[PDB]
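Asker: Just to be clear, this is only the beginning of the complex, oriented as in the whole thing:
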Amino acid sequence: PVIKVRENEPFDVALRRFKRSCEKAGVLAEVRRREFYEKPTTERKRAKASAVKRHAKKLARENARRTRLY
Amino acid sequence: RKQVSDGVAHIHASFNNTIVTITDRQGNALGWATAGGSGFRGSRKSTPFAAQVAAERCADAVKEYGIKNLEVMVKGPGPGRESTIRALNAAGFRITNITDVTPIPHXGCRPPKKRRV
């Protein structure tokens, strides 16, 4: 997240570039994950839950087109 | 007492409070201001407005050295990150760099236990 202002731009452009760099670097996520200790069991459980939910939503949207509402 | 004409702004933003300091390029401090020492205490100390006010007070407390060129380093997840930089620019300096320098363990130590609120 190193942002050097180039020649002749307004401030807001530089601020937005810095914000985009921070968002793409995943900084706040890493600092919020590492605030409290997570047991290994909880980590595995949440990973499996995320995978299951993603697959279920994918199947639902895949089959959603064929049914028509009105 | 001395003229430096350029310096580094260190912003330390946390979930409870925000601290702003100005240093030279070698790290020696020149002045500082904080959101808790600006009349805001309690739930009002951890808001972007308090960070902006603290940045204004820090800028006003360092007029003597005649700084015009400024660099920004931000660490921490607190609300007062963008507001402080906006207020710092509104104070009249010209910002050359912006950087996030928040620490990251590459494993590190073991965090405290989760709160059962």
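Answerer: Structure's in. What do you need? Numbers count the residues shown, from 1 in each chain, chains lettered A, B, ... in the order given.
Asker: Which part of chain B gets nearest to chain A, residue-wise?
Answerer: Nearest to chain A, among the residues of chain B, is residue B:100, at 3.8 Å (CB to the nearest CB). Heads up, the C-betas are built off the backbone N, CA and C, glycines and all.
Asker: need the contact list for that residue.
Answerer: A:1, A:18, A:21, A:22, A:25, A:27, B:73, B:74, B:75 (CB atoms under 8 Å, 6 or more residues apart in numbering or on different chains).
Asker: Find the residue closest to the last one in space, skipping its chain neighbours.
Answerer: Across the structure, with CB to CB, 6 or more residues apart in numbering or on different chains as the measure, the residue nearest residue B:75 apart from its sequence neighbours is residue B:102 (4.3 Å).
Asker: which among the contacts of residue B:100 end up buried?
Answerer: A:1, A:18, A:21, A:22, A:27, B:73, B:74, B:75 (16 or more other CB atoms under 10 Å in any protein chain shown).
Asker: For the third one, grab phi and psi.
Answerer: Residue A:21 adopts backbone torsions of phi -60, psi -40, taken as degrees, to the nearest 10.
Asker: For it, give its distance to residue B:18.
Answerer: Here residue A:21 is placed at a distance of 21 Å from residue B:18 (CB to CB, to the nearest Å).
Asker: Tell me the residues of chain A that contact chain B?
Answerer: A:1-5, A:11, A:14-15, A:18-19, A:21-22, A:25, A:27-28, A:30-32, A:34-38 (CB under 8 Å from any CB of the partner chain).
Asker: Among those residues, the buried ones, what's the PyMOL command?
Answerer: If you want just the buried ones from the residues of chain A next to chain B in PyMOL, going by 16+ other CB under 10 Å, the selection is:
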select buried, chain A and resi 1+3+5+14+15+18+21+22+27+34
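Asker: extra chain here, label it chain C:
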Amino acid sequence: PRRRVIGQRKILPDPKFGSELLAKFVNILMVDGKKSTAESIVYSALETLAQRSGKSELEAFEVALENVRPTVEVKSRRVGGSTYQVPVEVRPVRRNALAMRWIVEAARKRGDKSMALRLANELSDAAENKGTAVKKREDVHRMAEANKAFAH
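Answerer: Following on from the chains above, chain C is added here:
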């Protein structure tokens, strides 16, 4: 309500000035449906104020009005048990309504002989920043000023 169906109610002008603002002032001051008494009191107080001020009935009243209008208020909002006091802008119609309400309320709490004299004194004080209405306006403004950190 939950629906937002109503429109707006038409206000009739006052008899001998043709201004709906003074008609609303009369409406605010009126009690028990006795409108003639309210009109007599309002007219007498306006006459006395214009005589001691010299400008006129109307623009003296407007000048005394614009020294009581607020521009920001505070509303309570509970989130986690505690209540923040969020400041909010005041729409112009609400501004006039609050101004008239505060002027009438201030004139009600006084120790003069007649209600017309009470209103005249309070309104003249308002025209030059000494009435209790101006104090209330300033108190509201500074209370909103204190809670600027919660203005989202």
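Asker: Which residue ranges of chain C form strands?
Answerer: Using DSSP state E, the strands of chain C run over residues C:72-78, C:83-89.
Asker: what's the closest of the ones you listed to chain B?
Answerer: strand C:83-89 (8.0 Å).
Asker: Identify each buried residue in the closest one, please.
Answerer: For strand C:83-89, by 16+ other CB under 10 Å, it's C:84, C:87.
Asker: What residues does the residue in chain C that chain B sits nearest to make contact with?
Answerer: Nearest residue of chain C to chain B: residue C:149, at 4.2 Å (CB to the nearest CB). Taking CB under 8 Å, 6+ apart, we find residue C:149 in contact with B:40, B:44, B:47, B:49, B:50.
Asker: Of the residues you listed, keep whichever come out buried.
Answerer: B:40, B:44, B:47, B:49, B:50.
Asker: Double-check the last one against residue B:44; I have them as touching.
Answerer: Yes: using CB atoms under 8 Å as the test, residue B:50 is close enough to residue B:44 to be in contact (6.6 Å).
Asker: okay, which residue of chain C is out on the far edge from center?
Answerer: residue C:80 (34.9 Å; CA atoms, centre = their mean).
Asker: give me phi/psi at that one?
Answerer: phi -120, psi 40.
Asker: distance of it from residue B:79?
Answerer: From residue C:80 to residue B:79 the distance is 16 Å (CB to CB).
Asker: near chain A, anything from the top helix by length along chain B?
Answerer: Longest helix in chain B, counting residues (DSSP state H): helix B:48-60. No: for a cut-off given as CB under 8 Å from any CB, helix B:48-60 has no contacts with chain A; the smallest distance is 13.9 Å.
Asker: Extend the structure above with RNA strand D:
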RNA sequence: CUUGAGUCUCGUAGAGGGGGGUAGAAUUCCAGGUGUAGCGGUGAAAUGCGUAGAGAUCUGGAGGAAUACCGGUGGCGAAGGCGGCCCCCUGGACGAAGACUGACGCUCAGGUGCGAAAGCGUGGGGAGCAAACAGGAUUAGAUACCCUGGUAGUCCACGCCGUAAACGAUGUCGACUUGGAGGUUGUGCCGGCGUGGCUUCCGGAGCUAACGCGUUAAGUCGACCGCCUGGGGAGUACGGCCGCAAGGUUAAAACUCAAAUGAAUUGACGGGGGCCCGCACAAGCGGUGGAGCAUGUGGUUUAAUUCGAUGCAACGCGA
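Answerer: Once RNA strand D is put in with the chains from before, the structure reads:
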């Protein structure tokens, strides 16, 4: 005899295991420069740290534990489990063609070995975290949840312990029985076409009390082993064996009840989730609760103070 079982040749992938070395980020502590009035924490506070100069920022040093991104319903192992990089020692699996031995096999009571975390013994180590403990709060109380500190322990060597929702709540081996969409790892032929090993989701017949399982079977069969016989009492008492201890393993009876239980169905409820409404809140205006009187009720009194209505939905009610 070669078709089950095993050997030999070439290669492939992998956090499989034991031992040693080393790198970078971060936390804590020590020393020093700048600099000045707060920091820290919470729902809000306080205990706590700070003018004896903290917190913030810069430089140098010490020490311990764990390896961000890669990272993936990805991989390896009999299970427990295994994650930075490099070297040494080492186990298994799979594939392509070929030669070899010639039933050398499956299962297994007793027996032997391995076995998370906490715990025990002797000796080291100790950054961070954190049972017990102390203080601050919250509360009717709060031996708690929340905050500030904090010792065993968590780390290493050697030896005990032998238990977990040790779970796929599903013993091991072999055979047969329609499909679809993926992941990962080999090999053949000309991106296409085949052919092996492991693996995730859906589903057919069939099965099942249903839920569901469904070629990785809970379908159709064969071989061997372990275990069950209503709920409490009780995985407890006594005896034996094992252990330094904590305790583990084997394992009852009297007495008592008429049930205890599994899956699914309709409601109701939630300090579960969505979408709406009503003077239900919000915005306003005027009241009641205070005073005097009218009226009804309770209670008390009386010979009687007639009877009934008595949460909202009784109390200017039958009247």
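Asker: quick one on the thing from earlier: just how off-centre is the longest helix of chain B within its chain?
Answerer: 9 Å (CA atoms, centre = their mean, to the nearest Å).
Asker: what about it and RNA strand D, any contact?
Answerer: No: shown here: helix B:48-60 not in contact with RNA strand D (CB under 7 Å from any atom of the strand), separated by at least 8.5 Å.
Asker: what ranges do the strands span in chain A?
Answerer: Under DSSP E, chain A gives strands at A:2-4.
Asker: Show me which residues of it sit near RNA strand D.
Answerer: A:30, A:37, A:47, A:48, A:50, A:51, A:52, A:55, A:59.
Asker: count of neighbours near the fifth one?
Answerer: Other residues within reach of residue A:50 by the criterion other CB atoms under 10 Å in any protein chain shown amount to 10.
Asker: cool, the last one as well?
Answerer: Residue A:59 has 10 neighbouring residues, counting by other CB under 10 Å.
Asker: Look up phi and psi at residue 7.
Answerer: No chain in the question, so chain A it is. Dihedral angles (degrees, to the nearest 10) for residue A:7: phi -90, psi 130.
Asker: sorry, should have said chain C
Answerer: phi -100, psi -110.
Asker: same thing with residue B:23?
Answerer: phi -130, psi 170.
Asker: How much space separates it from residue B:33?
Answerer: Distance from residue B:23 to residue B:33, by CB to CB: 14 Å.
Asker: how about the longest helix seen in chain C: buried residues?
Answerer: Longest among the helix segments of chain C by residue count, using DSSP H, is helix C:35-53. Neighbour-count burial for helix C:35-53 flags C:38, C:39, C:41, C:42, C:43, C:44, C:45, C:46, C:48, C:49, C:50, C:53 (criterion: 16+ other CB under 10 Å).
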